[PDB]
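Before any comments, here is the structure.
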Amino acid sequence: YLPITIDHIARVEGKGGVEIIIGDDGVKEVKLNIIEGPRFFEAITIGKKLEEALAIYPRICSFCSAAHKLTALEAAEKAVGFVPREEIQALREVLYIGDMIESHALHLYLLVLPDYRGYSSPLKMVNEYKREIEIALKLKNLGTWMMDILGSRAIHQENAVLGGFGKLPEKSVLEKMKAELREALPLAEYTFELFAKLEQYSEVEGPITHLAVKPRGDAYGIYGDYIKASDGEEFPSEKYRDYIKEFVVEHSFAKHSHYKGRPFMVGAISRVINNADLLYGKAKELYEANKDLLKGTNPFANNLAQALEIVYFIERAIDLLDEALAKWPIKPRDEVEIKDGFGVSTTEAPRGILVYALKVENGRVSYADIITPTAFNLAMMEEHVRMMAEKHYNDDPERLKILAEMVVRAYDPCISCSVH
Amino acid sequence: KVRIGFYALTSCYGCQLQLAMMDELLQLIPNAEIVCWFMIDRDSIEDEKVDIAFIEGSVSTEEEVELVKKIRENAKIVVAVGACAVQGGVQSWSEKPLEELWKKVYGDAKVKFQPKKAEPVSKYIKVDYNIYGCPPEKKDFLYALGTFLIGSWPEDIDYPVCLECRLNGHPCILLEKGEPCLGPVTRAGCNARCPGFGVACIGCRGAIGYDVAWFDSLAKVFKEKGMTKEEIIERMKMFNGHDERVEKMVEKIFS
Amino acid sequence: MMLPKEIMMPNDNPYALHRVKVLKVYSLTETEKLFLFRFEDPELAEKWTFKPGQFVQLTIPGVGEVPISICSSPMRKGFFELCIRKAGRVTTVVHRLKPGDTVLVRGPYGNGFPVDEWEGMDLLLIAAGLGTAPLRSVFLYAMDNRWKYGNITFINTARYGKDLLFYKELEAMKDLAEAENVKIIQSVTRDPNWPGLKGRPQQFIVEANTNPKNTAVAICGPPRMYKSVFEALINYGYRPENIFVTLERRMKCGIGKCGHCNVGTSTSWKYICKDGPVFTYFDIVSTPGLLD
Ligand SMILES: Cc1cc2nc3c(=O)[nH]c(=O)nc-3n(C[C@H](O)[C@H](O)[C@H](O)COP(=O)(O)OP(=O)(O)OC[C@H]3O[C@@H](n4cnc5c(N)ncnc54)[C@H](O)[C@@H]3O)c2cc1C
Ligand SMILES: NC(=O)c1ccc[n+]([C@@H]2O[C@H](COP(=O)([O-])OP(=O)(O)OC[C@H]3O[C@@H](n4cnc5c(N)ncnc54)[C@H](OP(=O)(O)O)[C@@H]3O)[C@@H](O)[C@H]2O)c1
Ligand code: NFU
Ligand code: SF4
Ligand code: SF4
Ligand code: SF4
Ligand code: FES
Ligand SMILES: [Mg+2]
């Protein structure tokens, strides 16, 4: 017959398209067409000055601009042999938590909520689900205001400089930020309940290899030096290309990734599965209560894991703000002298593991390698869409299209970071 | 009702995200009918008659040139949003040809999709109005949308970031630390964010049009503080990579 | 004029705007419309008087405000007229105004032609292009007060024959004007196929019916014609103390604060909204840069 094609996928970051190649024996082939243009960030930054090249890395995507900026700062500081102070690292973690809060709330409420609630746009949900949109806006505004205070803006933060910040806010602003996080914790609880009420489709049940970062310190977090797996093994961050293979498929501008010859998953659910025992507080209480839903076999648990991570990161940000306030006043930035080196930083983005490998030669970037969470997740996305489509084969085309789109949106895909 | 369509070229979706995160966008729904915006809407049709078209991103695919020609056919007003649509963005920082970058990034492999070097939307169609920034400010979107809703059009900006830097009382980084601030030649509207946070401007909003962007004077100021010609040219071409004025004006002062 | 509490509001705010309504719209040329206005406040409408040559600030709500000269006579009380050419944003919005719409006006501003000290002497008015409207105000004031002024002449010129301002009114007025000591001369410059007169105003100054030693001269138009008109007027014997011209610069307020309508040099620094727009011949002669 003819393939069932979605030319443009909506409520998904970036330009993409699914292609379900139908056949006699159910589904025959699934291609994830990535038509977002290549920007060659790994090549346009080569030979550019380090400080100027770091300012354009967050332009890969807007949903995780702070992720790119802070991972690039970590890579550059590792390359130049610089160690940030503890309070500066805490403030950077607060900024990253703001990015995670904004991205997760935005995803959950404006991209995977309307298709569960029977709409085609969150702008059509203003009169019926008023309270849900109100709490969505409050969480998004909290994340955006944290990023506005710490970084220069919510998108493409400029206050995050090499060795710290250009200007740090006053103490009262940090106290207000802590108070607003305390006020937003009940909103995180309501979000977790609302997304626990939803459904994990059984058509996509299968064994998943979950890769996540091992946190630095003794708490669930974002910065790490080791990458864990659901198979139990763990490898150093700098040795990522010994165990992860990047190959180019003839249907997308992105590089698919394989782990021991098999697709794998990174994201919030992988984070929960790998580092569940490191949770503390209301997050640990909620995880212990709802461990039945958070099985590392269904890709649709990712949304609930995102809600749980919002709940965790609000309290984590409160604690980090307390740690930073214990050392007031803070000098905004340390003098960094650019020696040659090679730094690989694997910080955990809102959508999975972000790998930044930067080599510095005479104050300039000579080698750039970026592997993004969506590039990690694309192969598993293809496999799970294949099983979903074979489960819903020969049905009405509209129902197959919407269910495949829901499966794709469960992975919170950022097509822009795939191509970088 | 004004029919508004937001279209995505090769972009980071920062401009669409900035428009989506505005609380005043809820006021646009009763006054304007959103036709094409795939980020928020799913019932959006690409080939439809729109009163005002907002285009985001650079032209880095042949399919994108076909799309922008179609948009110019289908729109009464075409507005270029962001530095990617206005001046090619940071993707046009490198002057290296497409095959070199392709070999460096993707190796010797085929994708079956045709890419091209980043170019502004104004190269392939006629953009009536521009919205500057990376991402553009919420105030820029508010002013543009409001003036379009009243039936007027936004006023183009021909004043530098230094105006808003001096209105806010920010210390001048170029006078104190000698940092390479591109503010004196960059369009205002950002309220001097980077100089207010102690950082130097990188010219995200773009260089002033109407031939009143003085790269030669700024290059002389940079040269007095110990910068080579190529450093100044790269700094100025970070976001102005499709500007023919920069090379000529800097080579004049370094000759 | 010096209207109190209506030019600066009881709130003492000089930027305060008055509500006016557009009653008649009339297309003079393609890029030209004549608007008839009245104030929605009846007392303000009956009390608002101006001077010939003064201008007003027309605030279209939400777009901006522009300075427009008043073309109707101040003795036509209750109503005033504005002639507006479509040059850009604000005027594009203005040209969409249909009768019965409400727009905001403050004024009058500047100094007009000194028509009070022109008593008992001839009038020569030289209008080029869009400068007909302030001279239309002066001409209609003279026609309403015919016993006060002697022989009057009105020279109106334009680039093309279709761009002549108030061609219908002045052509209809010519009869009984020739018998009423009024001469109307209308000429074109870039149209060699125009049936009527052709040439620049300096050619038609010799055809005037005014006594050169007792004539007040009011010139309005582009600044580039002023030098040639001055040469022609000086050659024919018109006294330099009686020659008056109008100048235009960028205006944002009209009260003297925004500093955009600046002319002159460090020796004589002046502002159009506060020292003009009507300037004397010796002011134009003394400081260069006021022309072009
Ligand atoms: C004393 C005086 C009398 C005038 N009388 C008339 C008249 O009778 N009829 C007529 O059609 N025009 C007249 N003008 C010109 C009129 O003000 C301009 O046409 C108008 O301001 C420009 O509108 P725009 O939409 O093109 O503005 P834009 O070109 O979009 O510019 C925006 C702003 O520029 C300023 N500006 C632009 N041109 C002028 C100008 N020439 N003078 C002052 N400010 C300007 C205004 O503040 C305006 O809001 C007069 C100007 C002055 C100074
Ligand atoms: N509204 C008022 O009361 C008032 C008062 C003062 C000033 N103004 C301003 O004056 C302008 C009015 O003129 P415009 O712009 O409409 O002019 P225009 O028609 O575009 O050009 C000037 C006209 O005057 C002719 N002309 C005659 N003698 C000339 C000379 N010596 N040098 C140059 N041209 C001469 C020109 O002939 P050529 O084409 O061959 O040059 C042309 O016909 C407007 O800017 C108006 O706002 C208005
Ligand atoms: N989360 C997340 Fe990103 Ni827009 C991906 N893939 C980069 O950090
Ligand atoms: S102009 Fe800036 S914010 Fe807008 S799409 Fe391009 S990179 Fe993103
Ligand atoms: S810091 Fe930059 S933008 Fe601010 S005044 Fe100085 S040069 Fe201008
Ligand atoms: S200061 Fe320069 S780089 Fe910073 S936001 Fe403003 S225009 Fe953009
Ligand atoms: S118009 Fe503002 S100073 Fe005259
Ligand atoms: Mg890569």
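If you're wondering about the labels, chains in the structure tokens are A, B, ... by order shown, residues count from 1 in each chain, ligands from 1 in order shown.
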
*asked:* When DSSP is applied to the backbone of this structure, which of range 361-410 of chain A are assigned strand (DSSP E or B)? Write them out as a PyMOL selection string.
replied: chain A and resi 361+364-371

Expected file: the selected residues, N, CA and C atoms, as an mmCIF file, in the first residue's frame:
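Once everything was written out, this is part-v9.cif:
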```
data_model
loop_
_atom_site.group_PDB
_atom_site.id
_atom_site.type_symbol
_atom_site.label_atom_id
_atom_site.label_comp_id
_atom_site.auth_asym_id
_atom_site.auth_seq_id
_atom_site.Cartn_x
_atom_site.Cartn_y
_atom_site.Cartn_z
ATOM 1 N N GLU A 361 43.638 24.655 22.576
ATOM 2 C CA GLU A 361 45.015 24.827 22.120
ATOM 3 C C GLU A 361 45.270 26.313 21.920
ATOM 4 N N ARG A 364 42.227 28.650 22.157
ATOM 5 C CA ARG A 364 41.291 28.433 21.068
ATOM 6 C C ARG A 364 40.828 26.985 21.067
ATOM 7 N N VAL A 365 39.641 26.765 20.512
ATOM 8 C CA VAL A 365 39.049 25.434 20.454
ATOM 9 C C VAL A 365 39.587 24.712 19.226
ATOM 10 N N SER A 366 40.187 23.541 19.440
ATOM 11 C CA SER A 366 40.728 22.744 18.351
ATOM 12 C C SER A 366 39.943 21.473 18.075
ATOM 13 N N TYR A 367 39.177 20.980 19.043
ATOM 14 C CA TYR A 367 38.404 19.757 18.864
ATOM 15 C C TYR A 367 37.135 19.862 19.692
ATOM 16 N N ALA A 368 35.988 19.702 19.039
ATOM 17 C CA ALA A 368 34.694 19.770 19.700
ATOM 18 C C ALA A 368 33.900 18.518 19.368
ATOM 19 N N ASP A 369 33.345 17.883 20.395
ATOM 20 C CA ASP A 369 32.499 16.708 20.218
ATOM 21 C C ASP A 369 31.318 16.827 21.165
ATOM 22 N N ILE A 370 30.114 16.875 20.605
ATOM 23 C CA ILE A 370 28.883 16.991 21.373
ATOM 24 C C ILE A 370 28.011 15.789 21.054
ATOM 25 N N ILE A 371 27.583 15.074 22.090
ATOM 26 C CA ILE A 371 26.577 14.029 21.957
ATOM 27 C C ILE A 371 25.433 14.378 22.896
#
```

*ligand 6: which residues are within 10 Å, counting only C-alpha atoms and all ligand atoms, as a ChimeraX atom specification?*
/A:55,152-153,156-159 /B:83,132-137,160-162,164-165,181-207,239

Can those selected residues be exported to a file as a CSV table (one decimal), in the first residue's frame so that it contains N, CA and C atoms?
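Once everything was written out, this is again.csv:
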```
chain,number,residue,atom,x,y,z
A,55,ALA,N,30.1,31.1,24.2
A,55,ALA,CA,28.8,31.9,24.2
A,55,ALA,C,27.8,31.4,23.2
A,152,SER,N,21.8,35.4,32.6
A,152,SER,CA,21.3,36.7,32.1
A,152,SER,C,19.8,36.6,31.7
A,153,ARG,N,19.3,35.5,31.1
A,153,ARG,CA,18.0,35.4,30.7
A,153,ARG,C,17.6,33.9,30.8
A,156,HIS,N,19.6,31.2,26.5
A,156,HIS,CA,21.0,31.7,26.1
A,156,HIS,C,21.6,32.6,27.2
A,157,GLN,N,21.8,32.0,28.4
A,157,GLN,CA,22.3,32.8,29.5
A,157,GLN,C,23.7,33.3,29.2
A,158,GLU,N,23.9,34.6,29.6
A,158,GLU,CA,25.1,35.3,29.4
A,158,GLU,C,25.9,35.6,30.6
A,159,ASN,N,25.3,35.5,31.8
A,159,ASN,CA,26.0,35.8,33.0
A,159,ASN,C,26.9,34.6,33.4
B,83,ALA,N,18.0,36.6,15.1
B,83,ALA,CA,19.3,36.8,14.4
B,83,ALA,C,19.5,35.7,13.3
B,132,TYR,N,14.6,41.8,16.0
B,132,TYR,CA,16.0,41.5,16.3
B,132,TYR,C,16.2,40.9,17.7
B,133,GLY,N,17.3,40.1,17.8
B,133,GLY,CA,17.6,39.5,19.0
B,133,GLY,C,18.0,38.0,18.9
B,134,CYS,N,18.5,37.4,20.0
B,134,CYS,CA,18.8,36.0,20.0
B,134,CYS,C,18.8,35.4,21.4
B,135,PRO,N,17.6,35.1,21.9
B,135,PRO,CA,16.2,35.3,21.3
B,135,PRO,C,15.8,36.8,21.4
B,136,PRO,N,14.8,37.2,20.6
B,136,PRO,CA,14.3,38.6,20.7
B,136,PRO,C,13.6,38.8,22.0
B,137,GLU,N,13.7,40.0,22.5
B,137,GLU,CA,13.1,40.4,23.8
B,137,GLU,C,11.6,40.3,23.8
B,160,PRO,N,22.4,52.5,19.2
B,160,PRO,CA,23.2,51.3,19.7
B,160,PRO,C,22.7,50.9,21.1
B,161,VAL,N,23.2,49.8,21.6
B,161,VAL,CA,23.0,49.3,22.9
B,161,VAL,C,23.5,50.3,24.0
B,162,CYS,N,24.5,51.1,23.6
B,162,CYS,CA,25.0,52.1,24.5
B,162,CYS,C,24.0,53.0,25.1
B,164,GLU,N,20.8,52.3,25.9
B,164,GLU,CA,20.1,51.7,27.1
B,164,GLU,C,21.2,51.4,28.2
B,165,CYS,N,22.4,51.2,27.8
B,165,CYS,CA,23.5,51.1,28.8
B,165,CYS,C,23.7,52.3,29.6
B,181,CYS,N,33.6,45.0,23.6
B,181,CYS,CA,32.2,45.1,23.7
B,181,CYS,C,31.7,45.6,22.3
B,182,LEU,N,30.8,44.9,21.7
B,182,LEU,CA,30.2,45.2,20.4
B,182,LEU,C,29.0,46.2,20.5
B,183,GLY,N,28.7,46.6,21.7
B,183,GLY,CA,27.5,47.5,21.9
B,183,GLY,C,27.4,48.7,21.1
B,184,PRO,N,28.5,49.5,20.9
B,184,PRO,CA,28.3,50.7,20.1
B,184,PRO,C,27.8,50.6,18.7
B,185,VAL,N,27.9,49.4,18.1
B,185,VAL,CA,27.4,49.1,16.7
B,185,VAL,C,26.2,48.2,16.7
B,186,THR,N,25.8,47.7,17.8
B,186,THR,CA,24.7,46.7,17.9
B,186,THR,C,23.4,47.4,18.2
B,187,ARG,N,22.3,46.9,17.6
B,187,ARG,CA,21.0,47.5,17.8
B,187,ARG,C,20.5,47.3,19.2
B,188,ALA,N,19.8,48.3,19.8
B,188,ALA,CA,19.3,48.3,21.1
B,188,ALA,C,18.0,47.5,21.2
B,189,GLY,N,17.4,47.6,22.4
B,189,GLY,CA,16.2,46.8,22.7
B,189,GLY,C,16.3,45.8,23.7
B,190,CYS,N,17.6,45.3,24.0
B,190,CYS,CA,17.8,44.3,25.0
B,190,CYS,C,18.0,44.9,26.4
B,191,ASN,N,18.0,46.3,26.5
B,191,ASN,CA,18.1,47.0,27.8
B,191,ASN,C,19.5,46.8,28.4
B,192,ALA,N,20.5,46.6,27.6
B,192,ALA,CA,21.9,46.4,28.0
B,192,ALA,C,22.1,45.3,29.0
B,193,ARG,N,21.7,44.1,28.6
B,193,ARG,CA,21.7,42.9,29.5
B,193,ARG,C,23.1,42.5,29.8
B,194,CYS,N,23.9,42.2,28.8
B,194,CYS,CA,25.3,41.8,29.1
B,194,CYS,C,26.2,42.8,29.7
B,195,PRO,N,26.2,44.1,29.3
B,195,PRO,CA,27.0,45.1,30.1
B,195,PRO,C,26.4,45.3,31.5
B,196,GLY,N,25.2,45.1,31.7
B,196,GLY,CA,24.6,45.2,33.0
B,196,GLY,C,25.0,44.0,33.9
B,197,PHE,N,25.3,42.8,33.3
B,197,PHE,CA,25.8,41.7,34.1
B,197,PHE,C,27.3,41.6,34.1
B,198,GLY,N,28.0,42.6,33.7
B,198,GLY,CA,29.5,42.6,33.7
B,198,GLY,C,30.1,42.0,32.5
B,199,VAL,N,29.3,41.5,31.5
B,199,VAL,CA,29.8,40.8,30.3
B,199,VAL,C,29.9,41.8,29.2
B,200,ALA,N,30.7,41.5,28.2
B,200,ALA,CA,30.7,42.4,27.0
B,200,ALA,C,29.7,41.9,26.0
B,201,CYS,N,29.2,42.9,25.2
B,201,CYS,CA,28.2,42.6,24.2
B,201,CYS,C,28.9,41.8,23.0
B,202,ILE,N,28.2,40.8,22.5
B,202,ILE,CA,28.6,40.0,21.4
B,202,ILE,C,27.8,40.3,20.2
B,203,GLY,N,26.9,41.3,20.2
B,203,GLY,CA,26.1,41.8,19.1
B,203,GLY,C,25.1,40.8,18.6
B,204,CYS,N,24.3,40.2,19.5
B,204,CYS,CA,23.3,39.2,19.1
B,204,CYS,C,22.2,39.9,18.3
B,205,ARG,N,21.8,41.1,18.7
B,205,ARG,CA,20.7,41.8,18.0
B,205,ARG,C,21.1,42.3,16.6
B,206,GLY,N,22.4,42.3,16.3
B,206,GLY,CA,22.8,42.6,14.9
B,206,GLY,C,23.4,44.1,14.8
B,207,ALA,N,24.1,44.3,13.8
B,207,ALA,CA,24.7,45.6,13.5
B,207,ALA,C,23.7,46.6,12.9
B,239,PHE,N,27.9,37.3,15.0
B,239,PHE,CA,26.5,37.4,14.6
B,239,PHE,C,26.3,38.1,13.3
```

Neighbouring residues of ligand 8 are defined here as those with any atom at most 10 Å from a ligand atom, counting only C-alpha atoms and all ligand atoms; list them as an mmCIF file with C-alpha atoms, in the first residue's frame.
```cif
data_model
loop_
_atom_site.group_PDB
_atom_site.id
_atom_site.type_symbol
_atom_site.label_atom_id
_atom_site.label_comp_id
_atom_site.auth_asym_id
_atom_site.auth_seq_id
_atom_site.Cartn_x
_atom_site.Cartn_y
_atom_site.Cartn_z
ATOM 1 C CA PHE A 40 27.718 22.256 12.321
ATOM 2 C CA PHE A 41 28.356 23.531 15.844
ATOM 3 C CA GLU A 42 31.156 20.969 16.198
ATOM 4 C CA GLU A 246 27.980 7.135 16.791
ATOM 5 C CA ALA A 254 21.334 13.090 13.549
ATOM 6 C CA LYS A 255 23.781 10.413 14.673
ATOM 7 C CA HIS A 256 22.190 7.343 16.235
ATOM 8 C CA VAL A 355 28.531 14.776 26.658
ATOM 9 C CA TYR A 356 30.810 17.736 25.896
ATOM 10 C CA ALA A 357 34.369 16.996 24.747
ATOM 11 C CA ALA A 368 34.694 19.770 19.700
ATOM 12 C CA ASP A 369 32.499 16.708 20.218
ATOM 13 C CA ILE A 370 28.883 16.991 21.373
ATOM 14 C CA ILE A 371 26.577 14.029 21.957
ATOM 15 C CA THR A 372 23.099 15.007 23.079
ATOM 16 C CA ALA A 375 20.825 11.522 19.740
ATOM 17 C CA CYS A 417 20.090 19.086 19.876
ATOM 18 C CA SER A 418 20.137 15.913 17.767
ATOM 19 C CA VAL A 419 21.730 17.681 14.804
ATOM 20 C CA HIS A 420 23.685 20.415 16.714
ATOM 21 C CA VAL B 105 31.190 16.528 11.271
ATOM 22 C CA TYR B 106 29.403 13.653 9.526
#
```

_as a ChimeraX atom specification, could you give me every residue of chain C near chain B (at most 8 Å apart, counting only C-alpha atoms)?_
/C:62-63,89,93

*Would you mind listing the residues within 9 Å of ligand 1, counting only C-alpha atoms and all ligand atoms, as a VMD selection string?*
(chain B and resid 155) or (chain C and resid 31 to 33 53 to 59 63 to 71 82 to 94 109 to 110 130 to 134 246 to 254 260 to 261 272 to 273 276 to 278)

Atoms to include: C-alpha atoms. Write the selected residues as a PDB file, in the first residue's frame.
```pdb
ATOM      1  CA  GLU B 155       9.776  51.302  13.947  1.00  0.00           C
TER       2      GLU B 155
ATOM      3  CA  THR C  31      -1.364  61.712  -1.538  1.00  0.00           C
ATOM      4  CA  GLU C  32      -3.344  64.538   0.054  1.00  0.00           C
ATOM      5  CA  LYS C  33      -6.559  64.844   2.056  1.00  0.00           C
ATOM      6  CA  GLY C  53       0.561  79.874  10.221  1.00  0.00           C
ATOM      7  CA  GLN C  54       0.404  78.059  13.563  1.00  0.00           C
ATOM      8  CA  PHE C  55       0.439  74.264  13.756  1.00  0.00           C
ATOM      9  CA  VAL C  56      -1.168  71.551  15.883  1.00  0.00           C
ATOM     10  CA  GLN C  57      -0.048  68.150  17.168  1.00  0.00           C
ATOM     11  CA  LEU C  58      -2.374  65.481  15.760  1.00  0.00           C
ATOM     12  CA  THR C  59      -2.231  62.385  17.983  1.00  0.00           C
ATOM     13  CA  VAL C  63       0.559  55.252  16.557  1.00  0.00           C
ATOM     14  CA  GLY C  64       1.998  58.645  17.482  1.00  0.00           C
ATOM     15  CA  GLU C  65       1.559  62.351  16.899  1.00  0.00           C
ATOM     16  CA  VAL C  66       2.575  64.634  14.039  1.00  0.00           C
ATOM     17  CA  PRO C  67       2.689  68.401  13.573  1.00  0.00           C
ATOM     18  CA  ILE C  68       0.169  69.726  11.034  1.00  0.00           C
ATOM     19  CA  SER C  69      -0.419  73.346  10.052  1.00  0.00           C
ATOM     20  CA  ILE C  70      -3.948  74.748  10.123  1.00  0.00           C
ATOM     21  CA  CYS C  71      -5.300  75.685   6.694  1.00  0.00           C
ATOM     22  CA  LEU C  82      -5.946  70.170   8.416  1.00  0.00           C
ATOM     23  CA  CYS C  83      -4.331  69.149   5.122  1.00  0.00           C
ATOM     24  CA  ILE C  84      -2.239  65.995   5.496  1.00  0.00           C
ATOM     25  CA  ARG C  85       0.031  64.191   3.021  1.00  0.00           C
ATOM     26  CA  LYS C  86       0.753  60.468   3.345  1.00  0.00           C
ATOM     27  CA  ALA C  87       4.485  60.292   4.060  1.00  0.00           C
ATOM     28  CA  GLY C  88       4.736  57.312   6.408  1.00  0.00           C
ATOM     29  CA  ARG C  89       3.459  55.457   9.462  1.00  0.00           C
ATOM     30  CA  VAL C  90       1.331  58.039  11.285  1.00  0.00           C
ATOM     31  CA  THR C  91       0.045  59.639   8.084  1.00  0.00           C
ATOM     32  CA  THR C  92      -0.801  56.209   6.657  1.00  0.00           C
ATOM     33  CA  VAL C  93      -2.988  55.656   9.712  1.00  0.00           C
ATOM     34  CA  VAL C  94      -4.385  59.202   9.353  1.00  0.00           C
ATOM     35  CA  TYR C 109       1.878  76.066  18.734  1.00  0.00           C
ATOM     36  CA  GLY C 110       4.569  78.416  17.508  1.00  0.00           C
ATOM     37  CA  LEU C 130       2.550  71.520   0.516  1.00  0.00           C
ATOM     38  CA  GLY C 131       3.101  75.091   1.731  1.00  0.00           C
ATOM     39  CA  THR C 132      -0.288  76.152   0.386  1.00  0.00           C
ATOM     40  CA  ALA C 133      -2.170  75.173   3.559  1.00  0.00           C
ATOM     41  CA  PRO C 134      -0.595  77.722   5.983  1.00  0.00           C
ATOM     42  CA  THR C 246       8.356  79.162   7.116  1.00  0.00           C
ATOM     43  CA  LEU C 247      10.756  76.317   7.920  1.00  0.00           C
ATOM     44  CA  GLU C 248      10.262  72.675   8.893  1.00  0.00           C
ATOM     45  CA  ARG C 249      12.341  70.425  11.138  1.00  0.00           C
ATOM     46  CA  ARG C 250      11.613  67.192  12.979  1.00  0.00           C
ATOM     47  CA  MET C 251       9.131  67.731  15.815  1.00  0.00           C
ATOM     48  CA  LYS C 252       8.160  65.426  18.668  1.00  0.00           C
ATOM     49  CA  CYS C 253       6.579  67.772  21.243  1.00  0.00           C
ATOM     50  CA  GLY C 254       6.008  71.249  19.806  1.00  0.00           C
ATOM     51  CA  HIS C 260      14.603  67.907  17.629  1.00  0.00           C
ATOM     52  CA  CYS C 261      13.614  71.068  15.716  1.00  0.00           C
ATOM     53  CA  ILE C 272      11.197  75.976  15.312  1.00  0.00           C
ATOM     54  CA  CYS C 273       8.424  75.258  17.821  1.00  0.00           C
ATOM     55  CA  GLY C 276       9.068  79.878  14.524  1.00  0.00           C
ATOM     56  CA  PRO C 277       8.038  78.316  12.257  1.00  0.00           C
ATOM     57  CA  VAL C 278       7.801  81.792  10.669  1.00  0.00           C
TER      58      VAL C 278
END
```

*Interface residues on chain B facing chain A, 6 Å, only C-alpha atoms, written as a ChimeraX atom specification*: /B:10,12,14,38-42,60-61,91,94,101,110-111,197-199

*Taking only C-alpha atoms and all ligand atoms into account, which of A:382, A:348, A:29, A:7 comes nearest ligand 3?*
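When distances to ligand 3 are compared using only C-alpha atoms and all ligand atoms, the smallest one comes from A:348.
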
*asked:* Give me the residues near range 241-254 of chain B as JSON, numbers by chain, where near means some atom within 12 Å (using only C-alpha atoms) and where sequence neighbours in that chain fewer than 4 positions away do not count.
replied: {"A": [44], "B": [58, 83, 84, 85, 86, 87, 88, 89, 90, 91, 92, 93, 94, 95, 96, 117, 118, 119, 120, 121, 122, 123, 185, 203, 204, 206, 207, 208, 209, 210, 211, 212, 213, 214, 215, 216, 217, 218, 219, 220, 221, 222, 223, 224, 227, 228, 229, 230, 231, 232, 233, 234, 235, 236, 237]}

*If you count only C-alpha atoms, which residues fall within 10 Å of residue 116 in chain A, apart from same-chain ones fewer than 5 positions away, as a PyMOL selection string?*
chain A and resi 111+198-199+406

Given the selection you just returned, output its residues as a file containing N, CA and C atoms, formatted as a short mmCIF file (atom, residue, chain, number, x, y, z; two decimals), in the first residue's frame.
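So out-v7.cif came out as:
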```
data_model
loop_
_atom_site.label_atom_id
_atom_site.label_comp_id
_atom_site.auth_asym_id
_atom_site.auth_seq_id
_atom_site.Cartn_x
_atom_site.Cartn_y
_atom_site.Cartn_z
N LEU A 111 3.14 19.80 26.12
CA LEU A 111 3.43 18.91 25.01
C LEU A 111 2.85 17.52 25.17
N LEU A 198 -2.27 9.25 34.92
CA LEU A 198 -2.30 8.95 33.50
C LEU A 198 -1.98 7.47 33.26
N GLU A 199 -1.79 7.10 32.00
CA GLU A 199 -1.73 5.71 31.58
C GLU A 199 -0.41 5.40 30.89
N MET A 406 2.43 10.16 20.44
CA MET A 406 2.51 10.11 21.89
C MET A 406 3.74 9.32 22.35
#
```

*Expressed in Å to a single decimal, how great is the separation between CA of residue 103 in chain C and CA of residue 166 in chain C?*
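So the two atoms, CA of residue 103 in chain C and CA of residue 166 in chain C, lie 23.9 Å apart.
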
*For the atom pair CA of residue 4 in chain B and CA of residue 26 in chain B, what is the interatomic distance in Å to one decimal place?*
14.2 Å

_Residue list (helix (DSSP H, G or I), DSSP) for range 10-74 of chain A, as a PyMOL selection string_ = chain A and resi 41-44+50-54+57-60+65-74

_Distance of CA of residue 116 in chain C from CA of residue 202 in chain C, expressed in Å to one decimal place_ =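 The value is 26.5 Å.
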
*Minimum-distance residue to ligand 4, chosen among B:29, B:131, B:75, B:20 (using only C-alpha atoms and all ligand atoms)*: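 Looking only at the distances to ligand 4, the closest residue turns out to be B:131.
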
*asked:* Would you pick out the contacts of residue 138 in chain B at 8 Å or less, using only C-alpha atoms, so that residues sharing its chain but fewer than 5 positions from it are not included, and give the list as a list in words?
replied: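 Surrounding residues, per the criterion: residues 18, 19 and 22 of chain B.
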